[PDB]
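Single-structure report; data block below.
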Amino acid sequence: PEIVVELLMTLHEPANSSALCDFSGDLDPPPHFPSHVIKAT
Amino acid sequence: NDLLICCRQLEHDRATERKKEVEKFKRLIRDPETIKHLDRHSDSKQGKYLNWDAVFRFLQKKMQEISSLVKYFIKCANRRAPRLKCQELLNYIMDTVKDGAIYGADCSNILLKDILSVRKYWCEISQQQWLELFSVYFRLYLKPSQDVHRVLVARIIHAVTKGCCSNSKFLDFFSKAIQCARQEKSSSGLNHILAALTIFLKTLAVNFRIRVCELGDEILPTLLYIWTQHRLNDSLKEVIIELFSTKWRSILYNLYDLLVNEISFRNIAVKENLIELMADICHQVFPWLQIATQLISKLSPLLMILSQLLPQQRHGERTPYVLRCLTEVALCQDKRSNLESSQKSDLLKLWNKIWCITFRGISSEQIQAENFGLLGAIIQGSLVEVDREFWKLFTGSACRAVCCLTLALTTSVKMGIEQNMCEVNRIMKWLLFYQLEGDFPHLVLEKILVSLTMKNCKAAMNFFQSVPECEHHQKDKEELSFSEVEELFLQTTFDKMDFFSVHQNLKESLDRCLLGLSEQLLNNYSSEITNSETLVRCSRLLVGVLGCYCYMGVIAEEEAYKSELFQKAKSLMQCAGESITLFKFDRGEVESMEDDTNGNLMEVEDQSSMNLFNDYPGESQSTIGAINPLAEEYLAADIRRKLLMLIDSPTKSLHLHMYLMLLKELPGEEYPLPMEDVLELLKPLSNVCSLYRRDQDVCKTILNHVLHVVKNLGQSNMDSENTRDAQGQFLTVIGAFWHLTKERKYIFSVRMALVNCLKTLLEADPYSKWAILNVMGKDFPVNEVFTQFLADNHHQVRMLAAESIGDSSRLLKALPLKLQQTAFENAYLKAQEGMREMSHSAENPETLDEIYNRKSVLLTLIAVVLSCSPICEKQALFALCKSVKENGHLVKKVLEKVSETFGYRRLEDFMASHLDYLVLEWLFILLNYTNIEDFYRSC
């Protein structure tokens, strides 16, 4: 019975629907950047 | 500042002692510069300019010069309000040139630090010359360094100033030579080297050898404690540059691992930090399974190394079945340990649980029997706090009765018991255990799991009645002295409301939250020491619950709006307190956060903004929120910080005037603020929040267009002169302008804006691929006329040609970003896809990088569509490209050969295209002869 309650659902209304790292992002650009672009597309 | 300086000059023209004259000047400059002498700012500037010449004439003499410098420093300290930053920089350069010399530098280090602080404060003057001074200081402090303590601080300050503002190879080579020749103390040099390496445009082309030499020199000779952090940072940077020479890097990693193993309470924490650094670096670099098994087989240091190898591997990957079985056997053997140092045992248990969760690396054998037996043996003696949670996590990972009875007995902790119940949830005894346990969505999930039985409501009613009795008993102290009791009662009321529906609200307490809010407002109005302490506690408790949950949270907010009499009372009290407090870059943020009263005011403002966002009594609060714009407009540094925090946080009707005035108000402060501080990021968030509903059919459209024009002028000034930090803001603004609306809002030359963004990306190359992909995605969804897509393709081709037309490596790297952007635009579009594919196939001669990336291009094509469909699309695109080349013989044959080389085929398998090209051109026996030579029986 708890499996239905534990199911992940969507976010809340617009008040909550909206929701180093920079070094890794810079190093990704360009095999990793093209792979990320293809995954996003 | 003028009359006092003139009197001091007339008195000390003889330059006898210049003491009484200086004292009289310092005493009389107060009022003359306070009311008026002659344009007080320029008067003080001229006074400083005259004092410079006076000091020069006095020095034109060592002790006298030192005394004059000390007097000038005392005068500058008494004149803490400075001006004429250019004159200050000139005086600093003159003092540095004047520099016996070692003692002079040691004495002037204080003035140098003061000038560095003044620069970090007022870098908005566009100096653009601090790099030369930093290089001169590094060169002067290079041979003997003139010091062992102050030189490091000076170099660190110069590096920080250079990084804040915007060669280095010679300085790095000199630092490496010094570290190899002598000790490696004064780790400020290593910090500056790491900052210069991670400053911008890190390609590891020539810096790799310097980093390897520095690592070798630090590994051979070393006497330092803080240098370990710099070494770990350099190793992490090298690992990131390598796996986003190889043998030299592997040798250096092996030497570092050997040194760490040789080095092997505070010592326990030091070893744990060194392990978390070294094992992480080794996992990022790397094969290592054999070394890990050998280190595990080879006792505090051994246990630390084992715990390091387990968490590192568990966070890294799920390596081969050999190492997996080795670790399983090791865990089964160590299951009978002495349990000493329970932290390491819990870490090893968590690592084993993570490995059992990520067990999908080998064939599913019966090895799980040993893990189940070890888990049962651990549960047989799991009478602990952290070990119980570790065993529960391991059981949950293995699953993803005896266990149910153990969970019920454990529930009969706050977070551990909740996690155990949630893992077990993935009769009468269960209801009894739930009642014993009961006697931000985790509470709602637990309540839903408890109510999933759809029975035993009498137990919940009795629990709610028992909690109300305890709340009423504790209210006697909560209203008088207890402050945290009010927050506890508010949290209990929120948890009860999270489980029309006014029955339970009126039943539980119906007054606890209102009484707590009234007491908090009364304490805030009293404003005593303990009152402000309780107010800060209540503000923290309110900021704890700021978000909006699901339907349960909506019902809780409805009950809150119903009982919001005391809520509005407390809101008015907090607004009055914030008004009374107001009436009274990174540096400004730190100065605002260092004040406890300012922090409390900011917390109250954040709570009010969260309440206003939840609202956008309860219904009557709309008028108060609308009237709050007048107070926000009426509300130097702290006021600006509060206004920015308020602006950073249906409502569009009043917003079309409130934000319209706030944007104009923010520009007046942005006149001096315009230096590229972190505030540009907060401004884009506020602009995006305000642009949610814009371009309406009202008079506010003119103000919105004026604000957009001001933002465009700011972006043009940035493109004229700014830093790389503005690239993200420019990309966000371009995306917002593209996704706003139709040509009605795009009338601001969206094409020219995108062209300028692409030019800035090709020029700076900071995160250029992300911006290019964002621009392509914005252009693809808005493309609905088939002409904008062709225009964007032509603009991208022109930008790539301009980027293509020493610097050869940078040009080739910039060309790869353009190729990736074109590939992304092709993968996004449909017809522009084939257009760009034909364009790339035609330009393949100078596009060797594209011919190389064709592997990943075909991989993405096969991931998007099937293999046969991609082959057919490629054949159609090749036919179209051959037709285009024929329209605009030899070139067509070259394009066909290039296509055949890109594919896997000879000059054949294209009979239809060959017949079409023949019927087009000949209607030519040369093509027939070539076809016969390529394949017989062609007649």
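Here's how to read the names in the structure tokens: chain A, B, ... by the order shown, residue numbers from 1 in each chain, ligand numbers from 1 in the order shown.
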Env of residue 191 (chain B): 10 Å cut, atoms = only C-alpha atoms, seq-sep filter 5 positions within chain, self excluded. Answer as a PyMOL selection string. chain B and resi 152+155-156+159+186+196-197+226-227+229-231+233-234
Contacts of region 32-37 of chain A at 12 Å or less, counting only C-alpha atoms, minus same-chain residues fewer than 4 places along, as a PyMOL selection string? (chain A and resi 24-28+41) or (chain B and resi 243-244+767-774+776-777+816-828+853-861+863)
Extract the full set of helix (DSSP H, G or I) residues from region 9-40 of chain A according to DSSP on the backbone, and format it as a PyMOL selection string. chain A and resi 14-17+21-27+32-40
Report as a VMD selection string all protein, DNA and RNA residues lying within 9 Å of residue 5 (chain A), evaluated on only C-alpha atoms, omitting residues in the same chain fewer than 3 positions from it. (chain A and resid 1 to 2 8) or (chain B and resid 445 448 to 449 452)
Which residues are close to residue 12 (chain A), i.e. within 12 Å by only C-alpha atoms, leaving aside same-chain residues fewer than 6 positions away? Reply as a PyMOL selection string. (chain A and resi 18-19) or (chain B and resi 441+547-554+614)
For region 651-666 of chain B, find every residue with an atom within 9 Å (counting only C-alpha atoms), except residues of its own chain fewer than 5 positions away, and show them as a ChimeraX atom specification. /B:616,626,629-630,632-633,640,643-644,671,687,690,692-694,696,700-701,703-704,707
Could you tell me how far CA of residue 897 (chain B) lies from CA of residue 862 (chain B), in Å and to one decimal?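 That distance, rounded to one decimal, is 22.8 Å.
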